[PDB]
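Colleague: First the structure, which I've put down as structure tokens, then a few questions once you've had a look.
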Number of protein chains: 2
Amino acid sequence: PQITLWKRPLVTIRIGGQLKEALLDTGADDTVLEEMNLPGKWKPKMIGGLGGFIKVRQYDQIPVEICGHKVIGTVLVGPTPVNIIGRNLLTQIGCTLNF
Amino acid sequence: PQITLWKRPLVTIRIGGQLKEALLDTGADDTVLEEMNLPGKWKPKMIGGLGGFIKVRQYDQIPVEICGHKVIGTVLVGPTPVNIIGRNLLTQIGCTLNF
Ligand SMILES: CC(C)CN(C[C@@H](O)[C@H](Cc1ccccc1)NC(=O)O[C@H]1CO[C@H]2OCC[C@H]21)S(=O)(=O)c1ccc(N)cc1
């Protein structure tokens with residue numbers, strides 16, 4: 001796909017058999033999803049964004065399907081205003097910015 | 001150009017006599033820059049990210065040069081930890097996401 005930016009780059013992702021909408025977010029280093037349950041061990045962590053720091057649960061080596069492209073990587077779960085796919089996963093689907 | 005996402009997509013922007021480093025950020029609706037004293041009328045605004053909201057000043061029709069490309073639009077100004085080029089300006093340079 002080529003995705004233009006007149007609207008939010010929202011795509012459907014598959015994670016744990018769940019379908020969610022997420023924002024392709026080149027300004028995010030990391031992928032952060034709203035509160036959900038994922039299996040396996042996790043580490044408590046903190047990350048900062050525009051309005052300060054939040055607490056997240058860090059899940060590693062999680063399979064996600066983004067627009068039919070399969071990635072396996074780190075997913076942070078916590079109180080994000082929207083599901084954001086960060087660069088850790090955008091790189092795995094071969095995503096670039098072009099102009 | 002094509003910009004990969006292995007690293008933060010930082011680029012040089014010019015606005016007035018000031019050069020700045022800013023993020024090409026598909027996750028940001030509007031452009032937001034750190035402390036600067038722009039001319040003309042502005043409106044107060046609140047924008048939300050991870051961690052909550054910050055107050056900014058909305059300046060409209062501001063000329064900006066991004067990677068040699070002259071552009072013109074809204075620039076928000078406030079205590080962002082990083083300068084962000086938002087979709088409002090990315091569209092004007094014909095920026096797309098591709099994978
Ligand atoms: C939270 C997003 C939905 C929207 N934002 C842009 C977003 O790309 C920020 C942009 C950003 C970038 C750096 C610092 C603060 C904000 N990234 C971000 O929060 O990423 C976090 C997840 O990975 C980590 O890597 C960077 C911060 C962490 S935002 O900064 O809050 C924001 C919101 C509204 C506007 N107009 C402009 C920016």
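Going through the structure tokens in order, the chains are called A, B, and so on, while each chain numbers its residues from 1 and the ligands are numbered from 1 in the order shown.
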Take chain A, superimpose it onto chain B by least squares using every C-alpha atom paired in sequence order, and output the result as an mmCIF file with N, CA and C atoms, in the first residue's frame.
Modeller:
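Once written, superposed.cif looks like this:
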data_model
loop_
_atom_site.group_PDB
_atom_site.id
_atom_site.type_symbol
_atom_site.label_atom_id
_atom_site.label_comp_id
_atom_site.auth_asym_id
_atom_site.auth_seq_id
_atom_site.Cartn_x
_atom_site.Cartn_y
_atom_site.Cartn_z
ATOM 1 N N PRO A 1 13.081 12.740 -1.512
ATOM 2 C CA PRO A 1 13.742 11.771 -0.638
ATOM 3 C C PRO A 1 12.893 10.549 -0.299
ATOM 4 N N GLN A 2 13.562 9.421 -0.083
ATOM 5 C CA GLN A 2 12.996 8.284 0.634
ATOM 6 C C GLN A 2 13.745 8.190 1.956
ATOM 7 N N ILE A 3 12.996 8.106 3.052
ATOM 8 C CA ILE A 3 13.575 8.079 4.388
ATOM 9 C C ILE A 3 13.157 6.792 5.093
ATOM 10 N N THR A 4 14.147 6.020 5.524
ATOM 11 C CA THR A 4 13.898 4.762 6.218
ATOM 12 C C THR A 4 13.787 5.025 7.714
ATOM 13 N N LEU A 5 13.339 4.020 8.461
ATOM 14 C CA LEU A 5 12.949 4.217 9.853
ATOM 15 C C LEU A 5 13.773 3.434 10.876
ATOM 16 N N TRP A 6 15.001 3.057 10.522
ATOM 17 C CA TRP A 6 15.927 2.464 11.485
ATOM 18 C C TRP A 6 16.392 3.530 12.475
ATOM 19 N N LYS A 7 16.412 4.777 12.017
ATOM 20 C CA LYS A 7 16.652 5.918 12.884
ATOM 21 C C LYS A 7 15.437 6.836 12.831
ATOM 22 N N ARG A 8 15.348 7.750 13.792
ATOM 23 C CA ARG A 8 14.275 8.737 13.812
ATOM 24 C C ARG A 8 14.297 9.553 12.523
ATOM 25 N N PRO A 9 13.127 9.757 11.894
ATOM 26 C CA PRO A 9 13.075 10.596 10.702
ATOM 27 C C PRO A 9 13.212 12.084 11.025
ATOM 28 N N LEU A 10 14.413 12.480 11.441
ATOM 29 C CA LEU A 10 14.703 13.873 11.763
ATOM 30 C C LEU A 10 15.175 14.617 10.517
ATOM 31 N N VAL A 11 14.567 15.771 10.259
ATOM 32 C CA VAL A 11 14.956 16.619 9.138
ATOM 33 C C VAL A 11 15.147 18.053 9.617
ATOM 34 N N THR A 12 15.893 18.831 8.840
ATOM 35 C CA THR A 12 16.072 20.245 9.124
ATOM 36 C C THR A 12 14.927 21.026 8.488
ATOM 37 N N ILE A 13 14.325 21.929 9.258
ATOM 38 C CA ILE A 13 13.290 22.807 8.730
ATOM 39 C C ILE A 13 13.743 24.253 8.839
ATOM 40 N N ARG A 14 13.228 25.097 7.952
ATOM 41 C CA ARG A 14 13.457 26.536 8.029
ATOM 42 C C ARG A 14 12.141 27.209 8.377
ATOM 43 N N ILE A 15 12.145 27.999 9.446
ATOM 44 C CA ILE A 15 10.973 28.761 9.847
ATOM 45 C C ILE A 15 11.407 30.114 10.417
ATOM 46 N N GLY A 16 10.966 31.190 9.774
ATOM 47 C CA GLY A 16 11.340 32.545 10.173
ATOM 48 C C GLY A 16 12.838 32.794 10.130
ATOM 49 N N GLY A 17 13.505 32.214 9.136
ATOM 50 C CA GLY A 17 14.956 32.303 9.025
ATOM 51 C C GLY A 17 15.716 31.502 10.069
ATOM 52 N N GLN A 18 14.999 30.696 10.851
ATOM 53 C CA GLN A 18 15.613 29.823 11.846
ATOM 54 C C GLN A 18 15.712 28.415 11.294
ATOM 55 N N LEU A 19 16.836 27.755 11.545
ATOM 56 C CA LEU A 19 16.979 26.346 11.209
ATOM 57 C C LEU A 19 16.744 25.515 12.462
ATOM 58 N N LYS A 20 15.830 24.551 12.354
ATOM 59 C CA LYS A 20 15.529 23.622 13.439
ATOM 60 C C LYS A 20 15.477 22.183 12.932
ATOM 61 N N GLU A 21 15.709 21.236 13.837
ATOM 62 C CA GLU A 21 15.520 19.822 13.545
ATOM 63 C C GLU A 21 14.120 19.417 13.994
ATOM 64 N N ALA A 22 13.416 18.670 13.151
ATOM 65 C CA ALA A 22 12.057 18.224 13.471
ATOM 66 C C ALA A 22 11.800 16.799 13.003
ATOM 67 N N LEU A 23 10.901 16.124 13.712
ATOM 68 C CA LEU A 23 10.599 14.719 13.488
ATOM 69 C C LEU A 23 9.396 14.596 12.568
ATOM 70 N N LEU A 24 9.575 13.892 11.451
ATOM 71 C CA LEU A 24 8.465 13.562 10.565
ATOM 72 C C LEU A 24 7.582 12.517 11.245
ATOM 73 N N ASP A 25 6.365 12.928 11.584
ATOM 74 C CA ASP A 25 5.560 12.221 12.569
ATOM 75 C C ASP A 25 4.160 11.929 12.024
ATOM 76 N N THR A 26 4.008 10.749 11.434
ATOM 77 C CA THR A 26 2.750 10.361 10.809
ATOM 78 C C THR A 26 1.618 10.100 11.807
ATOM 79 N N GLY A 27 1.968 9.888 13.072
ATOM 80 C CA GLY A 27 0.974 9.740 14.130
ATOM 81 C C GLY A 27 0.487 11.051 14.726
ATOM 82 N N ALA A 28 1.060 12.168 14.287
ATOM 83 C CA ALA A 28 0.615 13.486 14.732
ATOM 84 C C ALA A 28 -0.320 14.103 13.695
ATOM 85 N N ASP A 29 -1.526 14.476 14.117
ATOM 86 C CA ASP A 29 -2.449 15.218 13.254
ATOM 87 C C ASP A 29 -1.864 16.584 12.939
ATOM 88 N N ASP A 30 -1.216 17.164 13.943
ATOM 89 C CA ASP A 30 -0.791 18.549 13.900
ATOM 90 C C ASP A 30 0.712 18.685 14.092
ATOM 91 N N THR A 31 1.210 19.833 13.645
ATOM 92 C CA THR A 31 2.614 20.205 13.754
ATOM 93 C C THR A 31 2.791 21.015 15.042
ATOM 94 N N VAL A 32 3.725 20.575 15.884
ATOM 95 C CA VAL A 32 3.973 21.201 17.183
ATOM 96 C C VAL A 32 5.466 21.455 17.350
ATOM 97 N N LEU A 33 5.827 22.716 17.556
ATOM 98 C CA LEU A 33 7.223 23.083 17.755
ATOM 99 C C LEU A 33 7.447 23.559 19.180
ATOM 100 N N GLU A 34 8.678 23.385 19.653
ATOM 101 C CA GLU A 34 9.106 23.884 20.955
ATOM 102 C C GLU A 34 8.916 25.393 21.030
ATOM 103 N N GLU A 35 8.965 25.914 22.252
ATOM 104 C CA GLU A 35 8.770 27.338 22.521
ATOM 105 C C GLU A 35 9.637 28.198 21.603
ATOM 106 N N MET A 36 8.994 29.109 20.880
ATOM 107 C CA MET A 36 9.691 30.049 20.017
ATOM 108 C C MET A 36 8.753 31.219 19.789
ATOM 109 N N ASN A 37 9.299 32.327 19.309
ATOM 110 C CA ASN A 37 8.470 33.457 18.934
ATOM 111 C C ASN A 37 8.158 33.435 17.448
ATOM 112 N N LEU A 38 6.882 33.600 17.127
ATOM 113 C CA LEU A 38 6.457 33.793 15.750
ATOM 114 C C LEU A 38 5.620 35.065 15.700
ATOM 115 N N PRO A 39 5.688 35.809 14.585
ATOM 116 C CA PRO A 39 4.875 37.016 14.516
ATOM 117 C C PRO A 39 3.404 36.712 14.238
ATOM 118 N N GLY A 40 2.573 37.744 14.348
ATOM 119 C CA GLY A 40 1.150 37.643 14.046
ATOM 120 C C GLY A 40 0.303 37.202 15.226
ATOM 121 N N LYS A 41 -1.009 37.270 15.040
ATOM 122 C CA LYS A 41 -1.949 36.854 16.069
ATOM 123 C C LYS A 41 -1.891 35.340 16.246
ATOM 124 N N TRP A 42 -2.248 34.892 17.443
ATOM 125 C CA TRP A 42 -2.345 33.473 17.738
ATOM 126 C C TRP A 42 -3.519 33.236 18.678
ATOM 127 N N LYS A 43 -4.011 32.001 18.692
ATOM 128 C CA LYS A 43 -5.114 31.610 19.560
ATOM 129 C C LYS A 43 -4.593 30.612 20.589
ATOM 130 N N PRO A 44 -4.939 30.813 21.873
ATOM 131 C CA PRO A 44 -4.660 29.775 22.866
ATOM 132 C C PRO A 44 -5.445 28.510 22.551
ATOM 133 N N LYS A 45 -4.788 27.355 22.611
ATOM 134 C CA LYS A 45 -5.465 26.079 22.380
ATOM 135 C C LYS A 45 -4.918 24.975 23.280
ATOM 136 N N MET A 46 -5.622 23.850 23.306
ATOM 137 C CA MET A 46 -5.153 22.663 24.009
ATOM 138 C C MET A 46 -5.179 21.471 23.068
ATOM 139 N N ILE A 47 -4.155 20.628 23.164
ATOM 140 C CA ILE A 47 -4.141 19.362 22.436
ATOM 141 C C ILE A 47 -3.655 18.244 23.350
ATOM 142 N N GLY A 48 -4.139 17.038 23.087
ATOM 143 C CA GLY A 48 -3.760 15.875 23.866
ATOM 144 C C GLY A 48 -2.838 14.983 23.068
ATOM 145 N N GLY A 49 -1.921 14.333 23.779
ATOM 146 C CA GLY A 49 -1.083 13.287 23.214
ATOM 147 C C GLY A 49 -0.978 12.145 24.203
ATOM 148 N N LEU A 50 0.143 11.436 24.153
ATOM 149 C CA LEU A 50 0.323 10.218 24.927
ATOM 150 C C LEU A 50 0.124 10.430 26.422
ATOM 151 N N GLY A 51 0.723 11.489 26.957
ATOM 152 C CA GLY A 51 0.726 11.708 28.404
ATOM 153 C C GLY A 51 -0.261 12.746 28.905
ATOM 154 N N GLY A 52 -1.237 13.113 28.081
ATOM 155 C CA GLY A 52 -2.237 14.105 28.463
ATOM 156 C C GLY A 52 -2.155 15.374 27.635
ATOM 157 N N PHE A 53 -2.732 16.450 28.163
ATOM 158 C CA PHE A 53 -2.937 17.677 27.396
ATOM 159 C C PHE A 53 -1.924 18.761 27.749
ATOM 160 N N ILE A 54 -1.504 19.511 26.730
ATOM 161 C CA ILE A 54 -0.675 20.695 26.908
ATOM 162 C C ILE A 54 -1.337 21.928 26.299
ATOM 163 N N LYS A 55 -0.899 23.096 26.758
ATOM 164 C CA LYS A 55 -1.330 24.366 26.189
ATOM 165 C C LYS A 55 -0.361 24.781 25.086
ATOM 166 N N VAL A 56 -0.913 25.239 23.971
ATOM 167 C CA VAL A 56 -0.112 25.689 22.839
ATOM 168 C C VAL A 56 -0.661 27.013 22.331
ATOM 169 N N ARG A 57 0.149 27.711 21.545
ATOM 170 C CA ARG A 57 -0.284 28.892 20.819
ATOM 171 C C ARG A 57 -0.406 28.514 19.349
ATOM 172 N N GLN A 58 -1.584 28.738 18.775
ATOM 173 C CA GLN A 58 -1.858 28.312 17.406
ATOM 174 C C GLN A 58 -1.600 29.457 16.441
ATOM 175 N N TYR A 59 -0.633 29.256 15.556
ATOM 176 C CA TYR A 59 -0.318 30.213 14.504
ATOM 177 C C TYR A 59 -0.764 29.640 13.167
ATOM 178 N N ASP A 60 -1.556 30.401 12.423
ATOM 179 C CA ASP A 60 -2.067 29.934 11.135
ATOM 180 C C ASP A 60 -1.320 30.569 9.971
ATOM 181 N N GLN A 61 -1.343 29.891 8.825
ATOM 182 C CA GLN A 61 -0.733 30.390 7.591
ATOM 183 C C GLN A 61 0.725 30.817 7.775
ATOM 184 N N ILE A 62 1.505 29.947 8.411
ATOM 185 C CA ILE A 62 2.933 30.176 8.637
ATOM 186 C C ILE A 62 3.745 29.447 7.569
ATOM 187 N N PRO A 63 4.649 30.161 6.878
ATOM 188 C CA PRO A 63 5.517 29.460 5.939
ATOM 189 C C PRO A 63 6.617 28.662 6.636
ATOM 190 N N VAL A 64 6.790 27.419 6.199
ATOM 191 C CA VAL A 64 7.850 26.544 6.692
ATOM 192 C C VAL A 64 8.463 25.871 5.475
ATOM 193 N N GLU A 65 9.775 25.659 5.516
ATOM 194 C CA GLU A 65 10.465 24.913 4.476
ATOM 195 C C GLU A 65 10.964 23.611 5.086
ATOM 196 N N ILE A 66 10.499 22.491 4.542
ATOM 197 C CA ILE A 66 10.816 21.166 5.063
ATOM 198 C C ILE A 66 11.614 20.407 4.014
ATOM 199 N N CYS A 67 12.911 20.234 4.263
ATOM 200 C CA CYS A 67 13.809 19.594 3.305
ATOM 201 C C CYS A 67 13.728 20.278 1.943
ATOM 202 N N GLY A 68 13.606 21.602 1.955
ATOM 203 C CA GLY A 68 13.541 22.375 0.716
ATOM 204 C C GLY A 68 12.166 22.416 0.074
ATOM 205 N N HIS A 69 11.189 21.742 0.676
ATOM 206 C CA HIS A 69 9.809 21.839 0.216
ATOM 207 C C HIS A 69 9.061 22.873 1.043
ATOM 208 N N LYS A 70 8.451 23.823 0.345
ATOM 209 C CA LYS A 70 7.782 24.954 0.968
ATOM 210 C C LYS A 70 6.341 24.593 1.328
ATOM 211 N N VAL A 71 5.997 24.723 2.609
ATOM 212 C CA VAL A 71 4.605 24.625 3.043
ATOM 213 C C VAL A 71 4.160 25.941 3.673
ATOM 214 N N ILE A 72 2.844 26.128 3.730
ATOM 215 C CA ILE A 72 2.232 27.245 4.451
ATOM 216 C C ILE A 72 1.009 26.733 5.202
ATOM 217 N N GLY A 73 1.093 26.722 6.529
ATOM 218 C CA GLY A 73 0.016 26.174 7.336
ATOM 219 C C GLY A 73 0.118 26.460 8.818
ATOM 220 N N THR A 74 -0.649 25.695 9.585
ATOM 221 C CA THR A 74 -0.807 25.930 11.010
ATOM 222 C C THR A 74 0.351 25.309 11.777
ATOM 223 N N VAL A 75 0.896 26.094 12.699
ATOM 224 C CA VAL A 75 1.983 25.650 13.549
ATOM 225 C C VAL A 75 1.543 25.905 14.983
ATOM 226 N N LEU A 76 1.569 24.852 15.795
ATOM 227 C CA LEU A 76 1.304 24.961 17.226
ATOM 228 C C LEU A 76 2.631 25.064 17.966
ATOM 229 N N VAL A 77 2.722 26.009 18.892
ATOM 230 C CA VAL A 77 3.937 26.208 19.676
ATOM 231 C C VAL A 77 3.653 25.916 21.145
ATOM 232 N N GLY A 78 4.449 25.031 21.738
ATOM 233 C CA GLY A 78 4.341 24.726 23.167
ATOM 234 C C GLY A 78 5.315 23.657 23.637
ATOM 235 N N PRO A 79 5.114 23.153 24.868
ATOM 236 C CA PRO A 79 6.046 22.227 25.507
ATOM 237 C C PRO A 79 5.935 20.799 24.966
ATOM 238 N N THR A 80 6.391 20.615 23.734
ATOM 239 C CA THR A 80 6.473 19.289 23.131
ATOM 240 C C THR A 80 7.868 18.720 23.401
ATOM 241 N N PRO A 81 7.964 17.400 23.634
ATOM 242 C CA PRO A 81 9.273 16.794 23.891
ATOM 243 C C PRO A 81 10.250 16.931 22.720
ATOM 244 N N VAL A 82 9.713 17.069 21.512
ATOM 245 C CA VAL A 82 10.526 17.310 20.326
ATOM 246 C C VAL A 82 9.662 18.009 19.277
ATOM 247 N N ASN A 83 10.287 18.807 18.419
ATOM 248 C CA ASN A 83 9.598 19.373 17.266
ATOM 249 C C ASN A 83 9.027 18.257 16.398
ATOM 250 N N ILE A 84 7.720 18.304 16.150
ATOM 251 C CA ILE A 84 7.074 17.290 15.324
ATOM 252 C C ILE A 84 6.342 17.927 14.147
ATOM 253 N N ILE A 85 6.644 17.434 12.949
ATOM 254 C CA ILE A 85 5.892 17.795 11.758
ATOM 255 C C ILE A 85 4.751 16.791 11.628
ATOM 256 N N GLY A 86 3.525 17.279 11.784
ATOM 257 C CA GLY A 86 2.342 16.437 11.663
ATOM 258 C C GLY A 86 1.786 16.365 10.253
ATOM 259 N N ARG A 87 0.658 15.671 10.126
ATOM 260 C CA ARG A 87 0.033 15.411 8.835
ATOM 261 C C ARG A 87 -0.460 16.676 8.126
ATOM 262 N N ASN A 88 -0.826 17.712 8.879
ATOM 263 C CA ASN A 88 -1.270 18.961 8.260
ATOM 264 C C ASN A 88 -0.216 19.531 7.305
ATOM 265 N N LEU A 89 1.059 19.289 7.602
ATOM 266 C CA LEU A 89 2.157 19.759 6.759
ATOM 267 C C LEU A 89 2.776 18.655 5.904
ATOM 268 N N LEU A 90 2.803 17.425 6.405
ATOM 269 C CA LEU A 90 3.309 16.308 5.611
ATOM 270 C C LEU A 90 2.525 16.165 4.308
ATOM 271 N N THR A 91 1.221 16.437 4.361
ATOM 272 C CA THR A 91 0.384 16.386 3.170
ATOM 273 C C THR A 91 0.829 17.433 2.147
ATOM 274 N N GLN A 92 1.228 18.605 2.636
ATOM 275 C CA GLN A 92 1.642 19.713 1.775
ATOM 276 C C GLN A 92 2.957 19.465 1.034
ATOM 277 N N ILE A 93 3.855 18.654 1.594
ATOM 278 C CA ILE A 93 5.062 18.269 0.848
ATOM 279 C C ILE A 93 4.868 16.991 0.025
ATOM 280 N N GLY A 94 3.652 16.455 0.002
ATOM 281 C CA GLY A 94 3.347 15.258 -0.781
ATOM 282 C C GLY A 94 3.867 13.960 -0.185
ATOM 283 N N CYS A 95 3.987 13.930 1.137
ATOM 284 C CA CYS A 95 4.582 12.792 1.831
ATOM 285 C C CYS A 95 3.595 11.634 1.952
ATOM 286 N N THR A 96 4.077 10.432 1.642
ATOM 287 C CA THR A 96 3.311 9.202 1.824
ATOM 288 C C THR A 96 4.147 8.164 2.576
ATOM 289 N N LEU A 97 3.464 7.184 3.164
ATOM 290 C CA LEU A 97 4.106 5.981 3.690
ATOM 291 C C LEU A 97 4.020 4.891 2.631
ATOM 292 N N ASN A 98 5.117 4.172 2.450
ATOM 293 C CA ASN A 98 5.203 3.167 1.405
ATOM 294 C C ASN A 98 5.841 1.902 1.959
ATOM 295 N N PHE A 99 5.240 0.756 1.658
ATOM 296 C CA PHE A 99 5.862 -0.528 1.948
ATOM 297 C C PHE A 99 5.389 -1.603 0.975
#
Colleague: Residues of chain B classed as strand (DSSP E or B) by DSSP on the backbone are to be reported as a count of residues only.
Modeller: 54
Colleague: I need the alpha helix (DSSP H) residues of chain B per DSSP on the backbone, written as a ChimeraX atom specification.
Modeller: /B:87-90
Colleague: Convert the current residue selection to file output with N, CA and C atoms, as a PDB file, in the first residue's frame.
Modeller:
ATOM      1  N   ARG B  87       0.726  15.943  10.041  1.00  0.00           N
ATOM      2  CA  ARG B  87       0.098  15.655   8.753  1.00  0.00           C
ATOM      3  C   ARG B  87      -0.284  16.928   7.996  1.00  0.00           C
ATOM      4  N   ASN B  88      -0.696  17.972   8.718  1.00  0.00           N
ATOM      5  CA  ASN B  88      -1.121  19.223   8.084  1.00  0.00           C
ATOM      6  C   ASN B  88      -0.053  19.801   7.153  1.00  0.00           C
ATOM      7  N   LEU B  89       1.212  19.555   7.474  1.00  0.00           N
ATOM      8  CA  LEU B  89       2.326  19.999   6.640  1.00  0.00           C
ATOM      9  C   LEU B  89       2.930  18.881   5.786  1.00  0.00           C
ATOM     10  N   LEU B  90       2.848  17.637   6.250  1.00  0.00           N
ATOM     11  CA  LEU B  90       3.371  16.498   5.486  1.00  0.00           C
ATOM     12  C   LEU B  90       2.635  16.310   4.160  1.00  0.00           C
TER      13      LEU B  90
END
